[PDB]
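Colleague: Sharing query06.cif here; it has mmCIF, C-alpha atoms (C1' of nucleotides).
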```
data_final
loop_
_atom_site.group_PDB
_atom_site.id
_atom_site.type_symbol
_atom_site.label_atom_id
_atom_site.label_comp_id
_atom_site.auth_asym_id
_atom_site.auth_seq_id
_atom_site.Cartn_x
_atom_site.Cartn_y
_atom_site.Cartn_z
ATOM 1 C CA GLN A 17 71.914 192.919 159.961
ATOM 2 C CA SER A 18 75.101 194.012 161.747
ATOM 3 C CA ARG A 19 76.663 197.380 162.480
ATOM 4 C CA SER A 20 79.984 195.953 161.275
ATOM 5 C CA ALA A 21 78.172 194.822 158.110
ATOM 6 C CA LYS A 22 76.270 198.031 157.334
ATOM 7 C CA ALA A 23 79.523 199.932 157.904
ATOM 8 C CA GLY A 24 80.732 198.550 154.582
ATOM 9 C CA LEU A 25 84.247 198.398 156.042
ATOM 10 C CA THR A 26 86.461 195.347 156.411
ATOM 11 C CA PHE A 27 87.497 195.910 160.020
ATOM 12 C CA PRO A 28 84.510 195.371 162.361
ATOM 13 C CA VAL A 29 83.511 198.811 163.602
ATOM 14 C CA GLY A 30 81.797 197.196 166.584
ATOM 15 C CA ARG A 31 85.180 195.938 167.764
ATOM 16 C CA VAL A 32 86.592 199.434 167.251
ATOM 17 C CA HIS A 33 83.699 200.958 169.203
ATOM 18 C CA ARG A 34 84.168 198.639 172.178
ATOM 19 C CA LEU A 35 87.952 199.103 171.991
ATOM 20 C CA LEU A 36 87.346 202.840 172.314
ATOM 21 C CA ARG A 37 85.020 202.060 175.224
ATOM 22 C CA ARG A 38 87.598 200.104 177.222
ATOM 23 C CA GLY A 39 90.411 202.367 176.029
ATOM 24 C CA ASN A 40 89.191 205.082 178.430
ATOM 25 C CA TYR A 41 89.528 207.772 175.753
ATOM 26 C CA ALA A 42 86.301 209.351 177.003
ATOM 27 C CA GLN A 43 83.162 208.509 178.938
ATOM 28 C CA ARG A 44 80.924 208.299 175.844
ATOM 29 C CA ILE A 45 82.066 207.036 172.433
ATOM 30 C CA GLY A 46 80.506 208.865 169.497
ATOM 31 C CA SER A 47 79.186 206.243 167.090
ATOM 32 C CA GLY A 48 80.597 208.014 164.023
ATOM 33 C CA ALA A 49 84.122 208.120 165.432
ATOM 34 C CA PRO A 50 84.909 204.364 165.243
ATOM 35 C CA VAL A 51 83.523 204.027 161.713
ATOM 36 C CA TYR A 52 85.385 207.126 160.507
ATOM 37 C CA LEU A 53 88.701 206.050 161.989
ATOM 38 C CA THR A 54 88.111 202.491 160.769
ATOM 39 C CA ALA A 55 87.805 203.883 157.252
ATOM 40 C CA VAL A 56 90.969 205.961 157.667
ATOM 41 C CA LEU A 57 92.785 202.852 158.901
ATOM 42 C CA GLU A 58 91.394 200.854 155.978
ATOM 43 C CA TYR A 59 92.670 203.430 153.488
ATOM 44 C CA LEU A 60 96.116 203.413 155.083
ATOM 45 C CA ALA A 61 96.098 199.612 154.953
ATOM 46 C CA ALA A 62 95.081 199.920 151.298
ATOM 47 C CA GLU A 63 98.134 202.109 150.702
ATOM 48 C CA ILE A 64 100.419 199.559 152.369
ATOM 49 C CA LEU A 65 98.735 196.679 150.541
ATOM 50 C CA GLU A 66 98.720 198.159 147.036
ATOM 51 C CA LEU A 67 102.402 198.766 147.693
ATOM 52 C CA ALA A 68 102.448 195.101 148.706
ATOM 53 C CA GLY A 69 100.820 194.095 145.427
ATOM 54 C CA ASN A 70 103.185 196.087 143.241
ATOM 55 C CA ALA A 71 106.197 194.928 145.281
ATOM 56 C CA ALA A 72 105.074 191.331 144.764
ATOM 57 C CA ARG A 73 104.862 192.125 141.050
ATOM 58 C CA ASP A 74 108.320 193.729 140.982
ATOM 59 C CA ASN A 75 110.036 191.037 143.076
ATOM 60 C CA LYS A 76 108.121 188.158 141.371
ATOM 61 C CA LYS A 77 107.077 186.590 144.711
ATOM 62 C CA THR A 78 103.284 186.477 144.636
ATOM 63 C CA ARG A 79 102.781 186.778 148.411
ATOM 64 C CA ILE A 80 104.105 189.928 150.056
ATOM 65 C CA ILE A 81 106.952 189.534 152.558
ATOM 66 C CA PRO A 82 108.368 191.781 155.303
ATOM 67 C CA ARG A 83 111.402 192.701 153.187
ATOM 68 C CA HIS A 84 109.142 194.107 150.488
ATOM 69 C CA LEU A 85 106.990 195.767 153.148
ATOM 70 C CA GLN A 86 109.980 197.535 154.706
ATOM 71 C CA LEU A 87 111.345 198.578 151.313
ATOM 72 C CA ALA A 88 108.023 200.012 150.134
ATOM 73 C CA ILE A 89 107.211 201.764 153.411
ATOM 74 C CA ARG A 90 110.707 203.286 153.504
ATOM 75 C CA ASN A 91 110.325 204.407 149.882
ATOM 76 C CA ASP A 92 106.973 206.036 150.749
ATOM 77 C CA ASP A 93 108.421 209.465 151.497
ATOM 78 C CA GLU A 94 105.309 211.115 152.930
ATOM 79 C CA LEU A 95 104.421 208.047 154.997
ATOM 80 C CA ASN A 96 107.893 207.885 156.557
ATOM 81 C CA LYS A 97 107.069 211.146 158.337
ATOM 82 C CA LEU A 98 104.249 209.279 160.070
ATOM 83 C CA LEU A 99 106.561 206.271 160.560
ATOM 84 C CA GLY A 100 109.890 208.035 161.105
ATOM 85 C CA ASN A 101 110.932 206.648 164.482
ATOM 86 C CA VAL A 102 109.109 203.474 163.429
ATOM 87 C CA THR A 103 111.119 200.442 162.314
ATOM 88 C CA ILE A 104 110.021 197.125 160.794
ATOM 89 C CA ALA A 105 110.983 193.619 161.897
ATOM 90 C CA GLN A 106 112.955 191.331 159.549
ATOM 91 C CA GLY A 107 112.820 194.097 156.924
ATOM 92 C CA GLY A 108 116.475 195.062 156.797
ATOM 93 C CA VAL A 109 117.050 198.591 155.529
ATOM 94 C CA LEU A 110 116.666 200.164 152.111
ATOM 95 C CA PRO A 111 119.986 200.326 150.209
ATOM 96 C CA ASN A 112 122.023 203.507 150.599
ATOM 97 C CA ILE A 113 123.927 204.724 147.541
ATOM 98 C "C1'" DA B 1 43.883 271.224 265.022
ATOM 99 C "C1'" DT B 2 43.492 270.106 261.408
ATOM 100 C "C1'" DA B 3 41.270 268.610 256.533
ATOM 101 C "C1'" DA B 4 42.466 270.406 252.797
ATOM 102 C "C1'" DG B 5 45.815 272.408 250.321
ATOM 103 C "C1'" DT B 6 50.304 274.010 248.017
ATOM 104 C "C1'" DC B 7 54.774 272.807 247.585
ATOM 105 C "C1'" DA B 8 59.403 270.736 246.944
ATOM 106 C "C1'" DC B 9 61.657 266.803 247.510
ATOM 107 C "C1'" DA B 10 62.762 262.214 246.562
ATOM 108 C "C1'" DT B 11 62.487 258.337 244.038
ATOM 109 C "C1'" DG B 12 60.046 255.894 239.779
ATOM 110 C "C1'" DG B 13 60.123 254.653 235.311
ATOM 111 C "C1'" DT B 14 59.879 255.166 230.562
ATOM 112 C "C1'" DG B 15 62.097 256.131 226.472
ATOM 113 C "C1'" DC B 16 65.954 256.077 223.232
ATOM 114 C "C1'" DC B 17 71.375 254.797 221.855
ATOM 115 C "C1'" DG B 18 74.988 252.343 221.077
ATOM 116 C "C1'" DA B 19 77.631 247.509 221.351
ATOM 117 C "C1'" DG B 20 79.636 243.959 222.500
ATOM 118 C "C1'" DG B 21 77.654 239.194 222.554
ATOM 119 C "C1'" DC B 22 76.014 235.752 221.048
ATOM 120 C "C1'" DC B 23 73.692 233.349 216.907
ATOM 121 C "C1'" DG B 24 72.119 231.561 211.462
ATOM 122 C "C1'" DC B 25 72.769 230.265 207.261
ATOM 123 C "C1'" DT B 26 75.512 228.032 203.975
ATOM 124 C "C1'" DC B 27 78.997 224.713 201.435
ATOM 125 C "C1'" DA B 28 83.834 221.416 202.092
ATOM 126 C "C1'" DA B 29 84.892 217.099 202.051
ATOM 127 C "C1'" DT B 30 84.987 213.846 205.957
ATOM 128 C "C1'" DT B 31 83.795 209.929 207.265
ATOM 129 C "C1'" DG B 32 80.129 206.857 208.165
ATOM 130 C "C1'" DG B 33 78.050 202.985 206.209
ATOM 131 C "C1'" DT B 34 76.850 199.572 202.429
ATOM 132 C "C1'" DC B 35 76.231 197.215 198.496
ATOM 133 C "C1'" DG B 36 78.572 194.573 194.625
ATOM 134 C "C1'" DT B 37 82.189 193.339 192.398
ATOM 135 C "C1'" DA B 38 87.801 193.139 191.174
ATOM 136 C "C1'" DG B 39 91.025 191.149 193.491
ATOM 137 C "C1'" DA B 40 93.887 187.207 195.306
ATOM 138 C "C1'" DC B 41 93.303 182.898 195.312
ATOM 139 C "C1'" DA B 42 93.011 176.615 194.488
ATOM 140 C "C1'" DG B 43 94.117 172.798 192.887
ATOM 141 C "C1'" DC B 44 96.977 172.218 188.233
ATOM 142 C "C1'" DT B 45 98.775 170.749 184.351
ATOM 143 C "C1'" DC B 46 102.004 171.210 180.821
ATOM 144 C "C1'" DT B 47 105.420 175.020 177.937
ATOM 145 C "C1'" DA B 48 108.885 176.380 175.959
ATOM 146 C "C1'" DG B 49 112.902 176.807 178.924
ATOM 147 C "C1'" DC B 50 117.014 175.540 179.647
ATOM 148 C "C1'" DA B 51 119.931 172.828 180.655
ATOM 149 C "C1'" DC B 52 122.758 168.384 179.742
ATOM 150 C "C1'" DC B 53 125.131 166.021 177.117
ATOM 151 C "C1'" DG B 54 127.430 164.630 172.479
ATOM 152 C "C1'" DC B 55 128.720 165.141 168.356
ATOM 153 C "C1'" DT B 56 130.564 168.137 163.794
ATOM 154 C "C1'" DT B 57 133.158 171.670 161.082
ATOM 155 C "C1'" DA B 58 131.939 176.637 160.245
ATOM 156 C "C1'" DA B 59 133.574 180.666 162.029
ATOM 157 C "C1'" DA B 60 137.467 182.887 163.953
ATOM 158 C "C1'" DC B 61 141.405 184.140 165.666
ATOM 159 C "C1'" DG B 62 145.951 184.745 165.046
ATOM 160 C "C1'" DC B 63 149.762 184.679 161.553
ATOM 161 C "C1'" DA B 64 151.812 187.178 157.978
ATOM 162 C "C1'" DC B 65 151.876 191.597 155.276
ATOM 163 C "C1'" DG B 66 150.406 195.467 151.828
ATOM 164 C "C1'" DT B 67 148.780 198.251 149.549
ATOM 165 C "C1'" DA B 68 146.101 201.846 150.766
ATOM 166 C "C1'" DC B 69 146.127 205.125 153.421
ATOM 167 C "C1'" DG B 70 146.441 209.744 157.214
ATOM 168 C "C1'" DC B 71 148.114 212.968 158.618
ATOM 169 C "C1'" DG B 72 150.333 216.372 159.464
ATOM 170 C "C1'" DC B 73 152.298 219.284 155.639
ATOM 171 C "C1'" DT B 74 152.491 223.896 153.253
ATOM 172 C "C1'" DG B 75 152.168 227.651 150.014
ATOM 173 C "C1'" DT B 76 148.259 230.670 149.493
ATOM 174 C "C1'" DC B 77 144.176 231.659 148.728
ATOM 175 C "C1'" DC B 78 140.507 233.696 150.661
ATOM 176 C "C1'" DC B 79 136.880 235.287 153.762
ATOM 177 C "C1'" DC B 80 135.116 236.962 158.173
ATOM 178 C "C1'" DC B 81 134.771 240.543 160.537
ATOM 179 C "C1'" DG B 82 136.008 244.390 163.515
ATOM 180 C "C1'" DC B 83 134.637 247.867 163.263
ATOM 181 C "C1'" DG B 84 133.255 252.619 161.121
ATOM 182 C "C1'" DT B 85 129.768 254.334 159.305
ATOM 183 C "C1'" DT B 86 125.039 256.035 157.593
ATOM 184 C "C1'" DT B 87 121.097 254.466 157.342
ATOM 185 C "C1'" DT B 88 116.943 252.239 159.060
ATOM 186 C "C1'" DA B 89 113.785 250.419 160.858
ATOM 187 C "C1'" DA B 90 112.974 248.809 165.693
ATOM 188 C "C1'" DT B 91 111.257 250.451 169.063
ATOM 189 C "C1'" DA B 92 106.824 251.468 172.057
ATOM 190 C "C1'" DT B 93 103.904 254.282 172.560
ATOM 191 C "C1'" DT B 94 97.345 255.041 172.050
ATOM 192 C "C1'" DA B 95 92.836 252.977 170.074
ATOM 193 C "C1'" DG B 96 88.218 251.642 169.085
ATOM 194 C "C1'" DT B 97 86.266 248.807 166.590
ATOM 195 C "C1'" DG B 98 85.020 244.436 165.455
ATOM 196 C "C1'" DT B 99 84.611 240.345 166.151
ATOM 197 C "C1'" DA B 100 85.994 236.790 170.044
ATOM 198 C "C1'" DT B 101 84.962 234.884 173.791
ATOM 199 C "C1'" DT B 102 81.365 233.726 176.463
ATOM 200 C "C1'" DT B 103 78.035 232.390 179.796
ATOM 201 C "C1'" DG B 104 73.605 231.873 180.496
ATOM 202 C "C1'" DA B 105 68.768 228.662 179.557
ATOM 203 C "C1'" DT B 106 67.572 225.375 177.504
ATOM 204 C "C1'" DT B 107 66.811 221.492 174.301
ATOM 205 C "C1'" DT B 108 67.524 218.239 171.922
ATOM 206 C "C1'" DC B 109 71.458 214.321 171.480
ATOM 207 C "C1'" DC B 110 72.760 209.961 171.827
ATOM 208 C "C1'" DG B 111 75.073 206.127 173.686
ATOM 209 C "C1'" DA B 112 75.451 203.690 178.174
ATOM 210 C "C1'" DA B 113 72.371 200.788 180.180
ATOM 211 C "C1'" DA B 114 68.851 197.109 180.001
ATOM 212 C "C1'" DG B 115 66.690 193.700 177.902
ATOM 213 C "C1'" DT B 116 66.473 190.469 173.732
ATOM 214 C "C1'" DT B 117 68.696 187.757 170.557
ATOM 215 C "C1'" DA B 118 71.827 187.387 166.549
ATOM 216 C "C1'" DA B 119 75.937 184.614 165.634
ATOM 217 C "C1'" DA B 120 80.014 181.949 166.395
ATOM 218 C "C1'" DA B 121 84.578 178.658 166.464
#
```
Just give me the structure of the file as structure tokens.
Modeller:
Amino acid sequence: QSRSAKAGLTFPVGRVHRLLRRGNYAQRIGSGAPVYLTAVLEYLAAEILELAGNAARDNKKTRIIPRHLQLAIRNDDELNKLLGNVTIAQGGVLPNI
DNA sequence: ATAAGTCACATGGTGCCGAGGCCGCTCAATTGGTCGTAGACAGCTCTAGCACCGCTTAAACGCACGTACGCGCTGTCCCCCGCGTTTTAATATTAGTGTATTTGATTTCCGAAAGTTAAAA
């Protein structure tokens, strides 16, 4: 058995734990912190990737592309607050009317 | 006359009172010393650079020029406010209670560390 396996999360929480270790965020790394934040990250990735799926459906290209990613993330009004100053590579910009 | 004796004198010394003079304890962080490991290094090879030509014709710049366009124009509408006024609510005072913080003594908490081994392109 593995900690990354029993976590039931895609991203390996062991990697997150040791990243927190070398990241100097504190002297001890609470074992629930990496798994919790890994799950939060996985949900946010799920948001981006269900947007990817429906953008692939809308644009008829089965595999998601950065244009679709930029368009969907810029249409995500609440998420743009998190990613306001953020910008995406090769994504262009959403059309202004 | 002089051994005994009283006596006062003279110096002894013992006791108590400050007091200025050394001393005692503690914690800052230095520096002394010492392990063990980041750091610069030791041969090195090959990456993606960046020329270094050697083409082509796709951009592009000017050549022309044209509506679009701007930019003040100009009657006039309008609105902001400078006050003048009544309001009007902003002072800024006490207040004790009602948690809010809070700082002790633990007292569990738990993950870094030390094995031991699972897994891993």
Colleague: So what do you get for CA of residue 91 (chain A) versus CA of residue 63 (chain A), distance-wise?
Modeller: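 Atom-to-atom, CA of residue 91 (chain A) and CA of residue 63 (chain A) are spaced 12.4 Å apart.
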Colleague: Taking the file as I've supplied it (selection: the PyMOL selection byres ((chain A) within 12 of (chain B))), which residues are included? Please answer as a list in words.
Modeller: residues 17, 18, 19, 33, 34, 37, 43, 44, 45, 46, 47 and 48 of chain A
Colleague: Would you save the residues of that selection, restricted to C-alpha atoms, as a compact mmCIF listing (two decimals), keeping the file's coordinate frame?
Modeller:
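Saved file selection-v8.txt follows:
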```
# COMPACT_ATOMS: atom_id res chain seq x y z
CA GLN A 17 71.91 192.92 159.96
CA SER A 18 75.10 194.01 161.75
CA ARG A 19 76.66 197.38 162.48
CA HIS A 33 83.70 200.96 169.20
CA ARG A 34 84.17 198.64 172.18
CA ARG A 37 85.02 202.06 175.22
CA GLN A 43 83.16 208.51 178.94
CA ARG A 44 80.92 208.30 175.84
CA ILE A 45 82.07 207.04 172.43
CA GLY A 46 80.51 208.86 169.50
CA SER A 47 79.19 206.24 167.09
CA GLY A 48 80.60 208.01 164.02
```
Colleague: Got a sec to check which residues sit within 7 Å of (87.8, 209.2, 170.8), counting only C-alpha atoms (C1' of nucleotides), and write them as a tab-separated table (two decimals) with C-alpha atoms, in the frame of the given file?
Modeller:
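Resulting contents of out07.tsv:
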```tsv
chain	number	residue	atom	x	y	z
A	36	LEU	CA	87.35	202.84	172.31
A	41	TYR	CA	89.53	207.77	175.75
A	42	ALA	CA	86.30	209.35	177.00
A	45	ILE	CA	82.07	207.04	172.43
A	49	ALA	CA	84.12	208.12	165.43
```
Colleague: Just give me the gap between CA of residue 23 (chain A) and CA of residue 62 (chain A) in Å, one decimal is fine.
Modeller: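 Between CA of residue 23 (chain A) and CA of residue 62 (chain A) the gap works out to 16.9 Å.
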Colleague: Please determine, counting all atoms listed in the file, which residue among A:72, A:32, A:25, A:89 has the shortest atom-to-atom distance to residue 59 (chain A).
Modeller: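 Closest candidate: A:25.
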Colleague: Closest to residue 81 (chain A) among A:113, A:99, A:61, A:104, using only C-alpha atoms?
Modeller: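 So, comparing all the options, the nearest one is A:104.
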Colleague: Between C1' of residue 114 (chain B) and CA of residue 50 (chain A), what distance in Å does the model show, to one decimal?
Modeller: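 Computing it gives 23.0 Å between the two atoms.
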Colleague: Evaluate the PyMOL selection byres ((chain A and resi 108) around 9) here and jot the selected residues down as a PyMOL selection string.
Modeller: chain A and resi 82-83+86-87+104-107+109-110
